[PDB]
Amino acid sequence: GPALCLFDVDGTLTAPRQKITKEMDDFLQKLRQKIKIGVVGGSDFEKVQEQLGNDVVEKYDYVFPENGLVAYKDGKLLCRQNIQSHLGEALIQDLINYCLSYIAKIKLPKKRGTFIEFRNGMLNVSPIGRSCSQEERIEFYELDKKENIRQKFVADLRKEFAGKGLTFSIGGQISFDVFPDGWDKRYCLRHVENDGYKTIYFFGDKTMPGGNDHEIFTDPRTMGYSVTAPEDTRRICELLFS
């Protein structure tokens, strides 16, 4: 039937931490005369503007910053969501409080600031604090590997919550993420599944387990295609759609 193309932005339509190239933007616009297109990224709408231009809403059929928590369709905002409204202030506080209480009891060499980073689609938690220096990150990550600090504090959170529909995911060097079950890139799919697309292609570059694009790639609702770079995305699109 009719189809949709969904692209990760960073690493797929663009080179890592680089803006789109006029040549690729033009290919995509030519491709829209053949098929509906849309983009999905973990970054806020401001960042996505930096990456694809301030006219992005008018140039793509769908735009899904924040893994879809914000959604634009045919130039209008289709929907907007945040972790606060979903989980609720009560539950959002029970979680903050426990995290705070628990971090007060961790004996560390150092503590700094921003232990809780509130993002609209997750809560970053950092025993040391994100404001640490790079040399303090390393000191902590090494200590974590011998004492397993992050792993035990997720463990105790998975016991006390998680029946509230919460996922916990250790990542990077100093923090872990608390986000509702399924609020990875798969979230965006809810805004396009009821629009009548017999097949939804998806292109991304972190397609293997761990990556930003893994969970959406493996979803049975997508025709998943891995990519290595923008040039490769044109290559594949040229072959799929002539």
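Residue indices: 1-based, along the sequence shown. Only the largest set of C-alpha atoms that superpose within 1.5 Å between the two forms is called the rigid core.
Superposition on the core shows that, in 4 other deposited structures of this protein, the C-alpha atoms drift more in one of 73-81 and 158-166; this is 158-166.
RMS Cα deviation from the shown model in 4 other deposited structures of this protein, rigid core fit, is larger for 175-183 than for the other stretch of the pair 175-183 / 189-197. Compared with other PDB entries of the same protein, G204 is present in all of those that resolve the residues around it, none of them, let alone a third, dropping it. According to the PDB record, 168-176 carries the higher mean C-alpha B-factor of the two stretches 168-176 and 84-92. When the two stretches 141-149 and 125-133 are set side by side, the higher mean Cα temperature factor goes to 141-149.
Highest CA B-factor among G182, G42, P209, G38, as stated in the entry: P209. Ranked within its chain, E215 lands in the middle third, by CA B factor from the PDB record.
Ranked within its chain, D195 lands in the highest third, by CA B factor from the PDB record. Per the PDB record, residue ranking by Cα B-factor puts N67 in the lowest third of the chain.
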